[PDB]
Structures are given as structure tokens and as C-alpha cells.
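[1] I would like to see how this sequence folds:
(chains A, B, C, D, E, F and G)
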Amino acid sequence: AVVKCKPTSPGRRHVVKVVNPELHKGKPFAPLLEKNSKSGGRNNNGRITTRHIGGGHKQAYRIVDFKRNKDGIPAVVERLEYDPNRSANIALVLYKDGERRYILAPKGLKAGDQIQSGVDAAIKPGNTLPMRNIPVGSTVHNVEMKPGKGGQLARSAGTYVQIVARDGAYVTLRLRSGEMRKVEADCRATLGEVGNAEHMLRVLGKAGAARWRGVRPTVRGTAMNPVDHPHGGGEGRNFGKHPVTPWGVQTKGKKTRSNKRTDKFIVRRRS
Amino acid sequence: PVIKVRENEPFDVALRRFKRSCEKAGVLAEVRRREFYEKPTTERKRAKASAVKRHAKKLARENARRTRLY
Amino acid sequence: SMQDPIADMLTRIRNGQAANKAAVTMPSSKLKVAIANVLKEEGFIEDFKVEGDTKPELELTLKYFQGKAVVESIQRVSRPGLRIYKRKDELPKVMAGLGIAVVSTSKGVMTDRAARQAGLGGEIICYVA
Amino acid sequence: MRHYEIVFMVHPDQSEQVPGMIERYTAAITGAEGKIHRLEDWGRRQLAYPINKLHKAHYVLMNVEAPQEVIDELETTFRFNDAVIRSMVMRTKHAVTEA
Amino acid sequence: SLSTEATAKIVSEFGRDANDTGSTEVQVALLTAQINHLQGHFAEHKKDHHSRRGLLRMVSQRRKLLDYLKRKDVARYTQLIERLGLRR
Amino acid sequence: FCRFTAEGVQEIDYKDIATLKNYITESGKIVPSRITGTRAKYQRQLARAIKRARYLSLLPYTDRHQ
RNA sequence: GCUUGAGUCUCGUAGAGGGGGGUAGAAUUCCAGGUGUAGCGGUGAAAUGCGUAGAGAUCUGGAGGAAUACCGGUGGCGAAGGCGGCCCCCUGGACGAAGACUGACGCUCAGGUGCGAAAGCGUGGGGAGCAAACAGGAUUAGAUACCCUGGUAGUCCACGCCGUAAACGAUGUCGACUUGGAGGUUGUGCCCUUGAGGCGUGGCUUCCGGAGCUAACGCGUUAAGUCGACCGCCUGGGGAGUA
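    Numbering: from 1, shown residues only, chains lettered A, B, ... in the order given. Okay, here it is:
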């Protein structure tokens, strides 16, 4: 559950951690592992393109099945595994014929649960259906944005998507940010809500925890010099300017969606 | 509420039917109740005071009013 | 929850005299029978009848002089929260000797003057006046 | 084994599928332990308010003596079925005999 | 709420016969069985304070009956506390 | 006078909407017991059955509603 | 030892008793469109506010949140706080008829422990309506108030904390006794169902009153009458339920 630490050190004082007993204590399934080389936020020209990224514990990539193509075949949840690459936990899933796959774990999902994908399966949490046969009002996760593409929406821990309306070929969903968005009804979705919903409560205690989660320190623009940032400079803490990105674009209010080709699929703006 | 005017009828009689029907249905009383919110203390006190005033009228009428006055 | 049945007998007697009842029934007991016997001797009741086999009751026929009740007042003295014991020269006088003080002494239940003549004190039960 | 009354209302345009539905519902119950005490197929009548802008639903009534979990499965069936538009289930004291 | 055949099974396990339904041992065993079933109930719902007051009435009643049985007969009391699994 | 005692029924059923239609008013409200004279427990059963028949669209809630 | 107190079983009843989940209908607001026009809203009177960028009115569709009109009752249930659509699942207590069983197992309770309205606190959601604070317009000598137009916390949910109220029938809990009358509510028994009935017998409850009590008001078989057991409390007003 949610375990607070006892203040036997200051960095140990402010720690709240998420202890999960049902996570399987052991090495992961090596047929589904790849290696994951870090970047530091540096692209193929080697320059920093995303700041405040670098360092961190080594982590191996686990191939999570998002598409759920194995249709009309039952599958039993074998265990819950810790994924380092993710906010959620993964579930090792053994199909009836012998194939094992990682899936995103739903909220109510423990070992022994029979799940099934397809167009016909069930409406138990864990089953994957296209959004032609899922009822209006149901809570889905791992929603696709194109048919057969694989599944992009509602994928962090505790997140989900409500099917608001059906109209013709399209399904109006309400995403986790409150944005109402249209999808094609042949896009699949896994029923239920993503588990590990107590993920947001961990408060990390110390700087070293955010340092071994892979995050590198943020210098504020006021602390810098006028060459380095638009905010920089001053004799003892002057600001005097409107807040901006380090490349001189206005932050703190200014909108920057400029797509025009997915604006047709938007029903309401995020609010 | 809905008052269907029968053919060959005077208008004031259909209006009287409508006013009688809205007086039985209790429309303006229930609308006059729902203009301002009353606390449940005020509602239970209004109910208790109404009951005590009703029975103080009845206990006066049934035996304290049957005698002759002059 | 019925901690004193003797005081319950006295209360039934007092409510019967005040309510002008003829006879008062109660559940029976040996000490109740002895106290009612002392009242029947001194003339505050005129009869007492016990009836039942495993469940006995006791009926006291109350006494009335033409308008009022014969017992002017009755009080309980050694209640179970405060038991009152008196030696034979500290024995109580009720209404300057016109009312009886029922005392259960070491030979049995009797009155105050019966205890003073018999020469022994005991546990007071009631003041009958 | 408790005695439930089930009134469920079906679309008029899908009223032709009502009998076979009823059959698998009896096959839902009579296989496990439960008995049907009444099957009073009312038929099609006009509603008092436009449920989903439609009227004239097909009322079906059935009385069961049943275990509880199969009735929970029946309520899950009435949930995701699109033919129904209302379904009340009720736990009565005794069985009911006539119509 | 402890239906009839279960109560019959306890009465003809602790009673002098089937018509004996009111001894201290029968009453303590029926109270203990209902306490265990409600312990199943109060694992969930966790805020049913009224049913928990009903349970606490029957727990204190079982304690009073067992204290009577301890004062009356220590041999039957010790046999019942080894039979039924309560520590004191 | 009470008519549910005069017939002698044990439970007011929600299905016979002739009786429940008789015991409501024209606007859809449950008629008070002080004027129909029904006894107390049959008035409670009457309100229960009228609400249950209101659920199944066997009776309207209001007379007005679209 | 015994069965009168207390308890257990069998069987039926009534119930907003609790906890979880789901669903229905009206209404308010918002969003989108149709029609159509210069007002709407509001007041003791006005103004702020909204409206010619199309308001308010009306029709259709949808989105959410909250509370459950009628029933509704000087009704009911609960130890109190309190509990109102409907349905299901888990569950507590009370009560009645006829029996049977144990055999005083009982009453009260310092300290202790639990439940405990509303407001408030913490974390995570939710947010229609209402609305502290706040703003504007009024009234006024002034108006940091009532009044009006807005409006955040909060009200709602999950989980903990708080532990107080005019938490009140200002009436501790239990047991017994002591004239009555009219009601309500919920069981059960009998007479010919001979008739929307007559007769009793239990529980709970509202009003009036007898003796008695009371400083009086008033209470009055549900006592503030007559008694018993245990507990809590009071000792002039203020300072002070304060340091």
C-alpha cells in the first residue's frame, strides 16, 4: 500500500513509498527483454535536445504487447511484474497454446484471471475489444488512435478513458485531461482502468531519489546570466520580465498547438 | 394542469375548470414554498406548530365552543 | 432492579393506603411474612394470606378508620445501602411510642417495646407510625 | 433459493427476438438449479414516458426460484444486452402462481 | 443471522438433547458461531457501526456467560475453552 | 373507509395498474391517505407499488412531461 | 435447590436501523443549433449586472453534479447523533402467540473504551445549485449589515483527524407500586364473516387531566407521585469554564 518511512535521517524522513506485495520478486522473462541504451537527451548530432535528462539506474526494456492481436484465444495471468520503463505494472500472460506476453495490468487483475481479446470476448476488466462492441459509458484503457496501430491513450498508472458517445463510424471519448476526442470505432480498447493507481502518492524524500529516477537538476533562469537565459541578470534578484522559455517564447499561458490536420477529431479543447 | 375545452362551451367555465384544477393540484403553494430555502429546523418547527395550532383549534371547537355565548 | 423487596412491600402498603385499595398483593417471602405478622399483631393490618406453592403471593387486607388510613406514614430504615443496627438501650421510639419500630433481633422479628422488654437489640427494618 | 420477479422491457423492433431470448434465459436458470414459477409474456404496450424517445415496448414477466449468483449473471446479461431498455428484479417472499 | 439448520447442528453438539437449547454451553457456542460469521462480515464494509454495536452486545454477553460458567464449573469451562478456541 | 381491508388483500401488487391508477390523482401524484381513507400499512404498500409502477413506465410521474 | 428477574431456541410481523453497488424521473446550470426581438433580471424604489457581437422567451439534442416533490402522518426506526425515490447483496435490534431449556447467569459504574450533528483540518477526486470571505450597486449621518447583482473556500465522494451544540422531553440508568379519558401505530386471541363490525390482550407513542407533588409554572401510570440500587454533578454574581 502506501508506507511512510520513519525519520531516522532527513532524506529518510520525508519518504512515502508504494509497497506492493503482489509484485513478483524475481528476474523478468528474458524472451521478452531487450537492452535499452540511455541517451542523456542527446540526439544524433550529440547535442542536448531535452534538458534535465541523464544518469539513472540501468533498466532493460520489456516488450509490452499493446496491439492484442491474438484474438479469440483465452489467456491466464501468470504474475505481476515491475516495469522500470513505465508508471504502471505489467502482467505476464500465458495464452492457451504456449505463448507468453506482457500486458498492461488493469486495476482489478490478479494471477489466475482469464482474459481474452477479440470482437466477442466479454466485458470483464482486462478483455480487449474494438469500440464497436464496447458499451457506451464504459471505462476503457490502452485505447488505439488508428485501427491496428497498437494503443496510445490511457497508458499511465491509474489512468483511463470514458467512452462518451457513439455516432456512426466514430466514437467520442473523454480523455484523462478532459478533452473530448473522436476515434474510429474499429480502434481497440482494453476494458477497465490501469492499475497501480496509488503511484501518484510517492513523495521521494531526497534529491538522490529523483537523481536515480534519471532526472538531472533544473537551474532556474533567474539564477543565470543575461546571455544564458532571457531571465538572467540583476543585482540581487530582479525579474522584471514576462516569463519565457529559454529560447524566448512566452510560457505561463501561451497556447502552441498548430496541427490543423487533427483539429477535425477534436470535439472540445482541454479544460 | 391540462384542461381540454369541450366544443360549444363558454370560455369562463373552462377558465373556472382550469383555476379549480390548479387549486386542487397545489401549484402556487408549492411554488411559493420553493422560492427561499428553509432550514429543516424551521420546517419541523412549522410542522409542530401547525399540529399544535390545529389541535388547539379542535379542542376548543369540540367542547369549549359548544356552549351558548349569550 | 429490585434490590430491596421489604421496601417494595412497604411501598405497596403505602400506595394502597393512599389509593384507598382494599387488599394489596405482592410476591411472598419469610421476612415479609414476619413483618406482616408484626403489623397484624399491632393492628395496622387485619389479615395476611399466603397462597402459592412454588410461586407464593401475599395479600394484606388494609385497615381504614372511617375516613382515613390507619397507617399515617411508614418508612424504611435499614435500606441495603445503609444497614442500621441499634443496641437495646438505643432502640428507637416512634411517635413517642404510639407507632411501632419493627426490629428483627436475634430471636426473631418483633416490635421495639418487645425488644426492650426481652432485653436485646437488633436490626431495625421500618418505622410504622 | 429465493423467489425473484423479473420484469424486463424489450424494443418493439426487436420484439421478434423475444422468445428465443426467453429460451436461453430459461436455459440460463433451469440448468443450474432454478425453476420458473410464472412466465407471463405480457406483450407490446405503450409506455407512459418516452424511454430513449421510443414507446410501445414489449413487456415480459418471469418468476424464478433461484440461487443468487445466477441472478447476478442475469443482471449482467440485462446490463450489456441492447434489446432491453429497463429491467427490474425483485426478491419476493413466496412464489407466485397465477397471472 | 445464523439460520435454523446451523443452530440445530450446534444445539445437538453442545446440548443435553435436542430440546435443550438454553444451557450456558449452547448459548456460548451459538454466540461464538455468530461472532465468527460477523467477523467474516466486518472484514469488508468497515464502517457499519450499528451492526458492530450488535456484535459488541453479543461479545459482552458471551463474556458474561463464560464468566458465570467459570465461577460455576471450572471443568466444563476449561473443556469448552479448549473445544471452542478462546483464550480467556 | 379502507378498501384494501374491505377486499382483504395482503400485498398491494405493482402490476394491476387499474387499482394504482384509481389511487393516484390526475397529475400523477399519490393521493393522500386522509381522503381515500386507506389504513397505514396499505398506504405505505400503495406508495411503494405506485413508485415501482412509475419505474416500469406503467404510470407516468408527472402528467406534463415530454 | 426453585423459577418470578435475566437469557436461549422455534415461528411471524412492521420499519427513512446500518454498509456496499446500481438505476429512474422532475428541476437548475452549461454547451451546440432553430425561431425571433428589444428588452431581461431585480427592488420599498432604483442601480450594478446581462442584451443589437442577438439577451430573456420557446423547441430539439447532449453533458455533468446534487437532492429525492406527491406519499408524508403531534407516522416509523435507532443508545444517542441521526436516517426519506426505487431495486439487489451483506447485516443489527425491537416486538407478538404458544411452548420448551439454563437456573439469579442480574442492576449500576470511578478510571477505561467505542459511537458522536454542523462547521473545521489533511490527502486524492468532483463541482450543477447554494454560498462564508471578496467585489460592485443601493439605503444611510456612517453601513466594513440587512437588500440586490456576482462570487472562491465549503457543501458532495474515498480515507483518516477533530469530539464539540439550545448534543434539549434543558428531566441519568434499572425495578416495583399508584384513579382516568380521547387518539395514533404495530402484533395476536375469540364471537355468527352473521355487516367499512363487537370483545379482549401485548409493545411503542401524542394530547388533556385526578390524587399527590411543586416556589410557582406546571408534571401527572412514558411523573416532576410513593420508594429502592448505583453513578454523575451543585454550593452567591463576576473573575472564569479563564490562567
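[2] by contact count, what packs against the helix or strand residue E:26 falls within?
    Using DSSP states H and E, residue E:26 falls within helix E:24-41. With contacts defined as 3 or more C-beta pairs under 8 Å, 6 or more residues apart in numbering or on different chains; DSSP states H and E, helix E:24-41 has these neighbours: helix E:4-14, helix E:49-72, helix E:74-84. Bear in mind the C-beta positions are built from the backbone N, C-alpha and C, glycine included.
[3] please name whichever of these is nearest to RNA strand G.
    helix E:49-72 (2.3 Å; C-beta to the nearest atom of the strand).
[4] who in chain F is up against chain B?
    For chain F, the contact set with chain B under C-beta under 8 Å from any C-beta of the partner chain comprises F:25, F:26, F:27, F:29, F:63, F:64.
[5] that older thread, report the buried residues of the helix holding residue E:26.
    Buried residues in helix E:24-41, counting neighbours by 16 or more other C-beta atoms under 10 Å in any protein chain shown, are found at E:24, E:25, E:26, E:27, E:28, E:29, E:30, E:31, E:32, E:33, E:34, E:38.
[6] that one to helix E:74-84, inter-axis angle?
    For helix E:24-41 against helix E:74-84, the angle by axes from the mean of the first three to the mean of the last three C-alpha atoms, to 10 degrees is 30 degrees.
[7] just the C-alpha atoms of helix E:24-41, please, in PDB.
    The C-alpha coordinates for helix E:24-41 follow below in PDB (Å, rounded to 0.1, in the frame of the first residue of the first chain):
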ATOM      1  CA  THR E  24     -24.600 -21.900  29.100                       C
ATOM      2  CA  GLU E  25     -22.600 -24.000  26.700                       C
ATOM      3  CA  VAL E  26     -25.200 -23.900  23.900                       C
ATOM      4  CA  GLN E  27     -25.600 -20.200  24.300                       C
ATOM      5  CA  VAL E  28     -21.800 -19.500  24.300                       C
ATOM      6  CA  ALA E  29     -21.400 -21.700  21.200                       C
ATOM      7  CA  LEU E  30     -24.200 -20.000  19.300                       C
ATOM      8  CA  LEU E  31     -22.800 -16.600  20.200                       C
ATOM      9  CA  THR E  32     -19.300 -17.700  19.100                       C
ATOM     10  CA  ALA E  33     -20.600 -19.000  15.800                       C
ATOM     11  CA  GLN E  34     -22.400 -15.800  15.000                       C
ATOM     12  CA  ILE E  35     -19.400 -13.800  16.200                       C
ATOM     13  CA  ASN E  36     -17.200 -15.700  13.700                       C
ATOM     14  CA  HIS E  37     -19.700 -15.200  10.800                       C
ATOM     15  CA  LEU E  38     -19.900 -11.500  11.600                       C
ATOM     16  CA  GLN E  39     -16.100 -11.400  11.700                       C
ATOM     17  CA  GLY E  40     -16.400 -12.500   8.100                       C
ATOM     18  CA  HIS E  41     -18.800  -9.700   7.600                       C
END
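[8] tell me what angle that helix forms with helix E:49-72.
    Going by the same axes, to 10 degrees, helix E:24-41 makes 150 degrees with helix E:49-72.
[9] and the helices in chain B, which stretches?
    B:11-25, B:27-33, B:40-62 (DSSP state H).
[10] with chain C instead?
    C:5-18, C:30-42, C:112-118.
[11] tell me who's in contact with residue D:89.
    Shown in contact with residue D:89 (C-beta atoms under 8 Å, 6 or more residues apart in numbering or on different chains): D:4, D:5, D:6, D:71, D:74, D:75.
[12] ok, which of those residues also contact chain F?
    Of those, not one also sits near chain F (C-beta under 8 Å from any C-beta).
[13] and of those, the nearest to residue A:228?
    Distance to residue A:228, by C-beta to C-beta, is smallest for residue D:75 among the contacts of residue D:89, at 65.3 Å.
[14] skipping adjacent residues, who's closest to the closest one in space?
    residue D:89 (6.2 Å; C-beta to C-beta, 6 or more residues apart in numbering or on different chains).
[15] now that neighbour. Its backbone dihedrals?
    The phi/psi pair for residue D:89 (degrees, to the nearest 10) reads phi -120, psi 140.
[16] in the sheet, who's paired with it?
    residue D:6 (DSSP bridges).
[17] that one and residue D:51, how far apart?
    Separation of residue D:89 from residue D:51 (C-beta to C-beta, to the nearest Å): 18 Å.
[18] residues in contact with the closest residue in space to residue E:28 that isn't next to it in sequence?
    Excluding the flanking residues, the one nearest residue E:28 by C-beta to C-beta, 6+ apart is residue E:65, at 5.2 Å. Residues near residue E:65 by C-beta under 8 Å, 6+ apart: E:24, E:27, E:28, E:31.
[19] those: which two are farthest apart?
    Among these, E:24 and E:31 lie farthest apart (C-beta to C-beta), at 10.5 Å.
[20] now residue 57: closest residue in space, sequence neighbours ignored.
    With no chain named, the answer covers chain A. residue A:212 is the one closest to residue A:57 (C-beta to C-beta, 6+ apart), at 5.4 Å.
[21] nope, chain D please
    residue D:9 (4.1 Å).
[22] you'd agree that neighbour is up against residue D:58?
    Yes: with contact defined as C-beta atoms under 8 Å, residue D:9 and residue D:58 form a contacting pair (6.8 Å).
[23] give me the distance between the nearest residue to residue B:3 once chain neighbours are set aside and chain F.
    Leaving aside its sequence neighbours, residue B:3 sits nearest to residue B:18 (C-beta to C-beta, 6+ apart; 4.4 Å). Note on residue B:18: its distance to chain F, by C-beta to the nearest C-beta, to the nearest Å, is 13 Å.
[24] residue C:35 too?
    Distance from residue C:35 to chain F, by C-beta to the nearest C-beta: 51 Å.
[25] one more: residue A:258?
    Taking C-beta to the nearest C-beta, one finds residue A:258 at 45 Å from chain F.
[26] kindly report the same for residue A:175.
    33 Å.
[27] in chain A, what residue sits furthest out from the centroid?
    residue A:235 (42.8 Å; C-alpha atoms, centre = their mean).
[28] just the closest residue of chain C to chain F, please.
    residue C:1 (36.1 Å; C-beta to the nearest C-beta).
[29] how close does that residue get to RNA strand G?
    For residue C:1, the distance to RNA strand G (C-beta to the nearest atom of the strand, to the nearest Å) stands at 3 Å.
[30] ditto for residue D:45
    17 Å.
[31] residues touching that residue, list them.
    D:56, D:57, D:59 are the contacts of residue D:45 under C-beta under 8 Å, 6+ apart.
[32] check contacts around the residue of chain D found nearest chain B.
    Nearest residue of chain D to chain B, counting by C-beta to the nearest C-beta: residue D:48, 14.7 Å away. By C-beta under 8 Å, 6+ apart, the contact list for residue D:48 reads F:57, F:58, F:59, F:60, F:61.
[33] what's the closest non-adjacent residue to it?
    Nearest non-adjacent residue to residue D:48, counting by C-beta to C-beta, 6+ apart: residue F:60, 4.0 Å away.
[34] ditto for residue D:47
    That would be residue F:57: by C-beta to C-beta, 6+ apart, it lies 4.0 Å from residue D:47.
[35] so which helix or strand takes in residue A:108?
    Using DSSP H and E, no helix or strand contains residue A:108.
[36] so it sits right up against residue A:194, yeah?
    No: between residue A:108 and residue A:194 there is no contact under C-beta under 8 Å: 11.3 Å.
[37] stretch C:70-88: which residues count as buried?
    In stretch C:70-88, counting by 16+ other C-beta under 10 Å, buried: C:71, C:74, C:76, C:77, C:78, C:86.
[38] endpoints of that stretch, how far apart?
    28 Å (C-alpha to C-alpha, to the nearest Å).
[39] next: stretch F:56-66.
    By C-alpha to C-alpha, the extent of stretch F:56-66 from end to end equals 17 Å.
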